[PDB]
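Every chain is numbered from 1 and lettered A, B, ... according to where its sequence line falls, protein lines coming before strand lines. Both backbone and side-chain heavy atoms feed into the values below; hydrogens, waters and symmetry mates do not.
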Amino acid sequence: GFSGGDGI
Amino acid sequence: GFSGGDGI
Amino acid sequence: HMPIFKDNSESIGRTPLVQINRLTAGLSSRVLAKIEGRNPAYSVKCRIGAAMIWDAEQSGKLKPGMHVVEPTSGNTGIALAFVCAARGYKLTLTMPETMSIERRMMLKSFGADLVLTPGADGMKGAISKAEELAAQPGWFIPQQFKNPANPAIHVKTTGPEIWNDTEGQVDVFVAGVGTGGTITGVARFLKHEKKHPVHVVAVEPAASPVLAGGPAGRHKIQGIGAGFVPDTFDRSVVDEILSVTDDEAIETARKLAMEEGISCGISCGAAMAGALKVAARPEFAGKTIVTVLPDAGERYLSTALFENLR
Amino acid sequence: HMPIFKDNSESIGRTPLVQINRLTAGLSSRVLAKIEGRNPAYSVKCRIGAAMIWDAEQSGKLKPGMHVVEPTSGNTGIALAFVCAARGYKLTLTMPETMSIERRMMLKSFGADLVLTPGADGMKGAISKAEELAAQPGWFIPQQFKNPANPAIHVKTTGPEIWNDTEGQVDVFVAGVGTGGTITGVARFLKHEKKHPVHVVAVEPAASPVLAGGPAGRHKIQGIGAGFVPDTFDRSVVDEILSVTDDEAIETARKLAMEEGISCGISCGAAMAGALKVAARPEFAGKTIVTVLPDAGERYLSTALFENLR
């Protein structure tokens, strides 16, 4: 699960 | 490894 | 013809528009997909990796011999990595220590130095380490969520490519929002530079509908759903916000490969899922819907996208 | 601008030429690399997958509802897979069961049916099975090592792109030989259609130097070294046969990523190693050397190319 800008 | 047309 | 590119960073963009034929069967609209996987390091981020470096060179924020650093767990790191390899900058990337080994191997193949931060600290921990490193003299941090050069490169390249290839036939533009640079720059170019009416639709994860004012949450649509409204997202050029479930993003990306021969990532399915919903509305009968497919399927072999094929 | 492509097969080619700068330091020649990884399914083979299907449609060898079959454990299978997905053909591929799981997953994502033949029987086992399947009424087999549409699409696309992008400034063309279609078509276009003097160099593995008259052998340079002279290879338009070792190919591919930011496969390292040797010869001082980089590094994460990065 991505959040807080993770995965960009 | 590759021979005989393998890998193409 | 195309120019001879003096290094690989110059070759960003010039990506094709491909008409969708089977996922659109029965519709009277036209859906065109812009294939951003066909970039120098195979994603849409290649445009902003090049542009943020060029911009800092022009302003003097980045000089030969200086060190580049960015916190990124996604395609922006690959974009910065190939640009810095092409143009000769030492690059450090910070990311949670749980990043897949496949992505880390790609980054190191360009010579990027990887600083892993504790996984419990997530992206916050990687951001803190990068800001600390960037505060050292001689270090430059691009800041993908704030840098105006991010949307500007889409005003200069992505937008004109869409405008010119369609010969001005673009009535809807649909884009997943990570940094928002793509949707911001394309919408600015179409609405403000070309004075052209276009219905602009942002796509975000249903599980993290922050642009719509909902709570941030964890999702599997890599590359969008940042969990906050980025400064590089200009809401004033966006006309509508759609949410897409993880499952319909994954399924639509699988169907793009199977039914159209377009190998693409999960967020490509997210964008296409929203585009197909808009394209089915009767008010867009006869109109042209353009959407962006940010990257390629092979980068996702170890993800949920390929679970059904083991 | 580019046209709107009516399906993904039409979007083949139009790949960029990128100048090599650090691997060429100290040379007075110019080396330009053509980035064939930027294709609709990310390799040079996409050109011939499209062209062989189109040609068979035109001749009536392939009709809607018919079944395509080909023996291939390399990029030609991926090329045919995306084309048959885009254009609506059932596709079966045969290959020894030694082919990697990652490539199997990529092929299955396009809905290709895989027939794995015994590893002990090698490529000959795959070929005989495909020939048996192809003898069924309603089944079409493209035959990548015999089909004139293979070199012909390089006469019509790859060659002209090189000529137009260099504005006629090409003195040497270096290409690894798998089917030989690339070198045959580019060389035929430059020498016969444009009547331009060009030193054309075929690259083959030192471990299987069959074009130079040596014995076939096992090698690791995926995509070249067929171990026989293919019918699609035109020796009369090739001026020189050059061997490259497996280590030279692997190491030069790693250096293309590290020193140029060009993520590419093992045979890209082979072609470039050969091109750099030729480019250093005194007779090509001040001349332009063009080579082809067939595909992208991400397709090689599980191979000896990334062995040094875990």
Side-chain angles (χ1 to χ4, degrees), chain C residues 1-11 14-19 21-22 30 32 35 37-42 78 81-88 101-102 104-106 108-111 160-161 164-167 169 254 257-263 296-299 301 305-306 309-310, chain D residues 1-11 14-19 21-22 30 32 35 37-42 78 81-88 101-102 104-106 108-111 161 163-167 169 254 257-263 296-299 301 305-306 309-310:
Chain C
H1 68 77
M2 272 191 301
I4 295 179
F5 296 104
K6 305 190 305 284
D7 69 41
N8 210 18
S9 76
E10 295 190 351
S11 76
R14 306 159 141 93
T15 57
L17 290 178
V18 181
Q19 181 175 274
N21 297 304
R22 281 170 203 89
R30 178 176 65 165
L32 307 179
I35 312 307
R38 295 173 62 169
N39 260 291
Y42 302 96
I78 300 169
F82 99 87
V83 172
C84 288
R87 297 183 78 77
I101 177 164
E102 290 91 3
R104 290 153 56 180
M105 297 182 302
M106 180 63 31
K108 295 183 298 174
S109 82
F110 296 117
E161 294 172 23
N164 287 333
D165 287 6
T166 64
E167 282 175 46
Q169 301 187 338
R254 290 175 185 168
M258 180 74 59
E259 299 296 317
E260 314 288 334
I262 303 163
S263 171
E298 246 151 320
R299 197 164 282 183
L301 279 177
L305 182 55
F306 281 86
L309 302 169
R310 196 192 176 279
Chain D
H1 73 84
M2 279 195 293
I4 295 174
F5 300 103
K6 283 163 273 196
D7 71 38
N8 213 16
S9 76
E10 300 188 347
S11 69
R14 308 172 204 245
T15 58
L17 281 176
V18 179
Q19 176 175 279
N21 300 308
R22 286 177 197 86
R30 175 172 66 161
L32 310 175
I35 313 299
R38 292 172 70 168
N39 261 295
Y42 303 95
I78 302 167
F82 101 86
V83 171
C84 292
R87 296 185 78 79
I101 306 294
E102 291 83 0
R104 283 138 87 164
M105 297 164 67
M106 179 63 34
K108 291 184 286 192
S109 85
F110 295 124
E161 293 168 21
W163 182 256
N164 294 344
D165 289 5
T166 65
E167 304 187 336
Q169 292 309 294
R254 296 177 179 171
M258 180 71 52
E259 301 291 324
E260 312 291 329
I262 301 171
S263 175
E298 271 146 292
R299 194 162 285 181
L301 284 171
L305 176 59
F306 282 84
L309 299 176
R310 298 172 292 183

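- Between the side chain of C/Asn164 and the main chain of D/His1, no donor-acceptor pair closer than 3.5 Å is present.
- Among C/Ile4, C/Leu17, C/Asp165, C/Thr166, the residue making the largest number of heavy-atom pairs under 4.5 Å with chain D is C/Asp165.
- Of the two parts of C/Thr15, only the backbone, made up of N, CA, C and O, holds a non-hydrogen atom closer than 4.5 Å to a non-hydrogen atom of chain D.
- Most heavy-atom pairs under 4.5 Å with chain C, from the set D/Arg254, D/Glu161, D/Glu259, D/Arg310: that is D/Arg310.
- Smallest separation of non-hydrogen atoms from D/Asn8 and C/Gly261: ND2-O, 2.9 Å.
- By the side chain to side chain contact (heavy atoms under 4.5 Å, CB included) test, C/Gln19 is found to be paired with C/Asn21, C/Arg30, C/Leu32, residues two or more places apart in sequence or in another chain being considered.
- Rounded to the nearest 0.5 angstrom, C/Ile262 CD1 and D/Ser109 OG are separated by 11.5 Å.
- The OH atom of D/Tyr42 lies 9.0 Å from the CZ atom of C/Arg299; values are rounded to the nearest 0.5 Å.
- Residues C/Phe110 and D/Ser263 come closest through the heavy atom pair CZ-CB, 3.7 Å.
- The choice from C/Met2, C/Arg38, C/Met105, C/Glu260 that makes the most heavy-atom pairs within less than 4.5 Å of chain D is C/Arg38.
- For a residue to count as touching a neighbouring chain, one of its non-hydrogen atoms must lie under 4.5 Å from one of that chain's; by this rule C/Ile35 touches chain D with the side chain only.
- Both the backbone and the side chain of D/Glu102 come within contact range of chain C, each with at least one heavy atom under 4.5 Å from a heavy atom of that chain.
- Using a 4.5 Å cut-off between heavy atoms, D/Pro3 contacts chain C through its backbone alone, with no side-chain atom that close.
- Among C/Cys84, C/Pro40, C/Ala41, C/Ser9, the residue with the largest count of heavy-atom pairs under 4.5 Å with chain D is C/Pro40.
- With a threshold of 4.5 angstrom between heavy atoms, D/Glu298 approaches chain C through its backbone and through its side chain.
- Only the side chain of C/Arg22 comes within contact range of chain D, with heavy atoms under 4.5 Å apart.
- Sorted by first then second residue, the salt bridge (charged side-chain N to carboxylate O under 4.0 Å, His left out) pairs that include residues 1-10 of chain D, not counting sequence neighbours, are D/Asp7-D/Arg87.
- Counting only heavy atoms from C-beta outward, the side chains of D/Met106 and C/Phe306 approach each other to under 4.5 Å.
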